[PDB]
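What follows is each chain in one-letter form.
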Amino acid sequence: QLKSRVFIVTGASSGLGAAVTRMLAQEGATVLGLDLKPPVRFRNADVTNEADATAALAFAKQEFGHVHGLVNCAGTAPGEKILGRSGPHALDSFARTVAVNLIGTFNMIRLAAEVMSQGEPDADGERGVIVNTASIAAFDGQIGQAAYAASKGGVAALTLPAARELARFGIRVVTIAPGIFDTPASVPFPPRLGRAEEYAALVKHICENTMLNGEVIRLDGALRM
Amino acid sequence: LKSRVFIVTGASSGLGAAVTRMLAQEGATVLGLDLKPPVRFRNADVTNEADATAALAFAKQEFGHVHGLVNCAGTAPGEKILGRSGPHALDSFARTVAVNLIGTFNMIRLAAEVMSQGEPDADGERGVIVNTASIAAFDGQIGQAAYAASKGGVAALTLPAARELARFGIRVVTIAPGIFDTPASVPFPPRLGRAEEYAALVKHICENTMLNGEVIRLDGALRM
Amino acid sequence: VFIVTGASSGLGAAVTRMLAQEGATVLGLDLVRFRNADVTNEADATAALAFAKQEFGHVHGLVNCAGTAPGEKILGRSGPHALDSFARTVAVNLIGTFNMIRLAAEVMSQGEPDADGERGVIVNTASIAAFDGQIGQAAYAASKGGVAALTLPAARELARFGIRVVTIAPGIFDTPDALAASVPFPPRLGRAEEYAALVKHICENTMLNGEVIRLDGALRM
Amino acid sequence: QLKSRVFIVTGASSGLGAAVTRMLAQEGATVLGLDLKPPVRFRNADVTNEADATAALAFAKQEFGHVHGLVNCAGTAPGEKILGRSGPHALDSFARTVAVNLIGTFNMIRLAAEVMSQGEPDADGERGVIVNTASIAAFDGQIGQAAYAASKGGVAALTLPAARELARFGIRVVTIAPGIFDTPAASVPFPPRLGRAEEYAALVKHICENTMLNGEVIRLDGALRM
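Residues numbered from 1 in each chain as written, not as in the entry; some residues may be left out. Chains lettered and ligands numbered in written order. Heavy atoms only, no water. Residues with missing side-chain atoms left out of burial classes, pairs and counts.

This deposited entry lists X-ray crystallography as its structure determination method and 2.34 Å as its resolution.

**Student:** So what exactly am I meant to see when it comes to the overall build of chain B here?
**Tutor:** Scanning chain B for helices and strands turns up six helices and nine strands. Relative to a compact globule of 224 residues, whose C-alpha radius of gyration would be 17 Å, chain B shows 17 Å and is just as compact. Along the longest, intermediate and shortest principal axes, the C-alpha atoms of chain B span 55 × 40 × 35 Å. (Helix = DSSP H or I, 4+ residues; strand = E, 2+ residues; numbered from the N terminus. Rg over C-alpha atoms; globule rule 2.2 N^0.38 Å.)

**Student:** Would you explain the overall build of chain A in this entry?
**Tutor:** Looking only at helices and strands, one finds six helices and nine strands in chain A. Since a compact globule built from 225 residues should have a radius of gyration of about 17 Å, the 17 Å found for chain A is in line with a globular shape.

**Student:** Just to check I follow, could you spell out the state of the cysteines for this structure?
**Tutor:** Working definition of a disulfide: a covalent bond connecting the sulfur atoms of two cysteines. Summed over the entire model, instances satisfying the criterion amount to zero disulfides over all chains. In this structure B:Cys206 is a free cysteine whose sulfur lies 11 Å from that of B:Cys72, the closest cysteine sulfur available. (Disulfide = S-S within 2.5 Å.)

**Student:** Whenever I open this one, helix α1 (residues 14-25) of chain B confuses me. Can you help?
**Tutor:** Given 3.6 residues per helical turn, the α-helix brings residues three or four places apart onto the same face. Residue and element names in this part refer to chain B. For α1, with twelve residues, the first-to-last C-alpha span of 17 Å sits near the 16 Å given by 1.5 Å per residue. Most of α1 sits out of view: nine of its twelve residues are buried. All buried positions along α1 are accounted for by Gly14, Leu15, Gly16, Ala17, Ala18, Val19, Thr20, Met22 and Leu23. Remark: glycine 27 follows α1 within two positions and exhibits a positive phi of approximately 80 degrees. (Expected span 1.5 Å × (residues − 1). Buried < 20%, exposed > 50% of the residue type's maximum accessible area, 1.4 Å probe, protein only.)

**Student:** I keep staring at the sheet that holds strand β5 (residues 120-125) of chain C and nothing clicks. Help me out?
**Tutor:** Where strands meet in a sheet, backbone hydrogen bonds hold them as pairs that are either parallel or antiparallel. Residue and element names in this part refer to chain C. Taken together, seven strands build an open sheet; the order of strands is β3-β2-β1-β4-β5-β6-β7 and the sheet is parallel. Two strands lie at the open edges of the sheet, namely β3 (33-36) and β7 (212-215), each paired on one side alone. Neighbouring strand axes in the sheet, compared pairwise and without regard to direction, differ in orientation by 20 degrees on average. Against the sheet, helix α3 (residues 83-108) contacts β1 (2-5), β2 (26-30), β4 (61-64), β5 and β6 (163-170), and its axis sits at roughly 175 degrees relative to β4. Here helix α6 (residues 192-204) sits on the sheet and contacts β1, β4, β5, β6 and β7; the angle it forms with β6, its principal contact strand, is near 155 degrees. (Pairing = 2+ DSSP bridges. Axes fitted to C-alpha atoms, helices over the stretch in contact; angles between N-to-C directions. Contact = heavy atoms within 4.5 Å.)

**Student:** Please explain the arrangement of the chains as it appears in this structure.
**Tutor:** Across all C-alpha pairs, the smallest distance from chain A to chain C is 9 Å, and the two are not in contact. Between chain B and chain D there is no contact; the minimum C-alpha to C-alpha separation amounts to 8 Å.

**Student:** So what exactly am I meant to see when it comes to the sheet that holds strand β9 (residues 215-218) of chain B here?
**Tutor:** Residue and element names in this part refer to chain B. Read from one edge to the other, the open sheet built from seven strands follows the order β3-β2-β1-β4-β7-β8-β9, with strand pairing classed as parallel. Every interior strand has two partners, whereas the edge strands, β3 (40-43) and β9, have only one. In this sheet, adjacent strand axes meet at a mean angle of 20 degrees when their direction is disregarded. Relative to strand β2 (residues 29-34), strand β1 (residues 5-9) runs parallel, the two sharing five bridges. Each bridged residue has a counterpart across the sheet, and for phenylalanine 6 the counterpart in β2 is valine 30. Together, β1, β2 and β3 form the strand contacts of helix α2 (residues 49-63), whose direction differs from that of β2 by roughly 160 degrees. Along the sheet face, helix α5 (residues 145-165) touches β7 (127-132), β8 (170-177) and β9 and points at about 160 degrees away from the line of β8.

**Student:** Looking at this model, I keep getting lost on the nonpolar core. Mind explaining?
**Tutor:** Residues A:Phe94 and D:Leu166 are the most contacted members of the largest nonpolar core, which totals 91 residues. Apart from residues no more than four positions distant in its own chain, D:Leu166 is found in contact with A:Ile82, A:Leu83, D:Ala113, D:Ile171 and D:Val173. (Core = buried A, V, L, I, M, F, W, Y, C linked by side-chain atoms within 4.5 Å.)

**Student:** I would appreciate a short explanation of helix α1 (residues 15-26) of chain D in the present structure.
**Tutor:** Residues and elements named next belong to chain D. With twelve residues, α1 extends 17 Å between its outermost C-alpha atoms, agreeing within 8% with the 16 Å of an ideal straight helix rising 1.5 Å per residue. Most of α1 sits out of view: nine of its twelve residues are buried. Looking one or two residues beyond α1, the residue adopting positive phi is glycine 28, at roughly 80 degrees.

**Student:** Teacher, can you tell me more about the pattern of salt bridges here?
**Tutor:** Pairs may arise between side chains of opposite charge once their charged atoms sit close together. A full pass over the atoms with the stated rule returns 47 salt bridges over all chains. Among the salt bridges present, the one from A:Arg218 reaches A:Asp140, with a minimum N-O distance of 3.0 Å. Neither residue differs from the other here; A:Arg218 and A:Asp140 are each classed as buried. Note that C:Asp216 and C:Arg220 form a salt bridge whose closest N and O atoms lie 3.3 Å from each other. With relative accessibility at 26%, the residue C:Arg220 sits in the partly exposed group. Residues joined by salt bridges that share partners form a network here, namely A:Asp124, B:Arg191, B:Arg194, B:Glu196 and B:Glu197. (Salt bridge = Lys/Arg side-chain N within 4 Å of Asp/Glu carboxyl O.)

**Student:** What should I look at first to understand the interface of chain D and chain C in this one?
**Tutor:** If you look at the interface, chain D gives 37 residues, while chain C gives 36 residues. Carbon and sulfur atoms make up 62% of the area that chain D and chain C hide from each other, which totals about 3000 Å². Contact with chain C buries surface across chain D, with D:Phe190, D:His206 and D:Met212 losing the most and accounting together for 28% of the total. The salt bridge partner of D:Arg196 is C:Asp116, with a shortest N-O separation of 3.1 Å. Listed by contribution, the elements that provide at least two residues to the side of chain D that touches chain C are α5 (146-166), α6 (197-209) and β7 (217-220) of chain D. Top contributing element to the side of chain D that touches chain C by residue count: α6(D), with five residues. Tallied by class, the residues present in the side of chain D that touches chain C amount to 17 nonpolar, nine polar and eleven charged. (Buried area = accessible area lost by both parts, 1.4 Å probe. Nonpolar A, V, L, I, M, F, W, Y, C, P; charged D, E, K, R; others polar.)

Okay, structure coming up:
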């Protein structure tokens, strides 16, 4: 049960983050939802920014004493071709998508983990769970997804060395790679957009299933782009 | 899962026994198949067409319609391609491939036919097929050619199967387990898996409609 | 000295061509010298490998290109997929290459290492269906998926004797229409010689081991 | 043949880029060697800076007339734990490794590809080949390799969307994931040794010649799993 477990949810104001936050709250969990702007406490923070990350962790210690969970859902999925009519893909645009998607989730990991590390382990020796949001684009990059695919491919790659290291402290790191979700016909089955709640239902299952660790789980109705 | 009819392979022990246990406790009805006795149990050779056919008739008559198939029939033998004795016996590779791959496919093609004829639930779903590969399919070690190749063919089966079966609202998902205690080096949890953990992933797969066509490693982050 | 499986046509025939040009000795096997053999059969394969040892005195290479790539649904108009058809595809594609691997490896076992310590190189033909199985390719995907998974345990064991094991997963080749149009680049069918060319890159580059290499023009089915 | 073809190579001063530049020179190719420090024409460039990268492409457009080939070999490979004795992994250190390994290769790719774009197709219809250098850590990330692994995982994941877009113009994009090489061992199954940079170069060459190789990541690692 997640009851009285303290989770940090990133991208918490909408989409996958909102749905995870909601799921945790229904399970009696305690949540710090973090996002750039406003839609269980909510704080504003740029996950990319060191000082904002630090201050949200300091808010967590001070309000709650412990952190047992981190769910990285802050994310941007722009579309932009490597060679546009206009000229080449903006460099800034690519660096920014990498900064939000990859650097931000790493930033939340290095700092959340420091804290989970200090808490009481459970019966299995578990101290913490970290879940990240990659995307199916990490494996099936479509035209115009270069930045996005590279970004989420970095997240997907990060899972295993993070799992191997944090195993020491009994912290799990698992990554979900979602397909198309109804968030702010092609799909073999079910032939429809994923509902955020289905994403959250997998998140909770990772939280509960101690043997899931170091893996990237495709959640995509068998879609291949 | 309550009042749903599931067929489970390798049901007399290990993963399959834990899956039958999980299902029954969820109020589902289970036809557990295995070669030898340990919810009804019936003897069957998952490999044999006629035998698999008869098992599916028993289920059609007896319980009426089939919702679920969990392939947990397998063998995990170990044999060098080149031994002091000589090269790896051919019979032996073929038997491992018969039980793991050919037996899984057989159970899929016949369970699928029956699910095909059933009525779709609230999401349009007519059945779920969960397959047991192995982390050997990606991390084969010395000694594991037969098992690795055999489980690797089950893994690759997943997607063409889900793609076709989508037509009928049948999902196909494969799990790739690591080391489970069935009949030290693991990163975390630094222990063998309990079979019950495998059954709980299967149950989550049953519950989560968006899981389809995927191979899910369940192995405490172990790379062999 | 090379044994090439499925050497009568397709990719096997181009592989025999390429080694023939390179001035190697080839034993072509199929249902430079040919020899009629069933890759599946424990006897034919032994007799084949015994042929090769007395007639040739060593074995340095094995290229498995014996294959069937047939099409059939899991639920057909008529009924379920035939079990024997499925078993037969697994047999040719997977049992047959394993049969050839266990035997050729026994011989390459007993030969002289070169300057890199290499006694042998085995190249297997998987397929992209092993990762992108399209509807109707369950048997094909399953068996070629078996091949692909074999590569690493096999390379890890055979490392002992300096035998490398590499698998190629080709996309669409003109071997025995605009499906071609759908391959991103080059937008055509692959030529068997290009396949043979990678077999050659692999025989040449000692660091390629234990890998499945896509040769598919960026195609995803 | 690589004869008369013009290549840009990145991290050209040592290790893998050096050996690539060597093999291209020996096959009679014109080579633009980019790197930060010196040991075919060499220029000093930061593959990460937009203006350095634009200045290198203009240079090679004016100087040689075309660009047919980009080989990305610039890269760093720090090890730092997520949670170290001192404290958590520095933020900016992680960014910096992502910036050299990932933002760097993308910068070169977007700019080279623009130029390759503007040339004539060769006999196979090919205007370019881009080979990237990822690493086995993209799939087998070891302890301490988080930043390196994510970086290279980025590079690996880029390859298919790039080949898919750039197919339109006949530019192939292929990524090699090398294992342990002798660049600035009883563990590798066979050969039980560090790879020589020449063997990396030889795969780069195989890729330039083989038109069917596109959108893929090739492990070049002697079957090592980290």
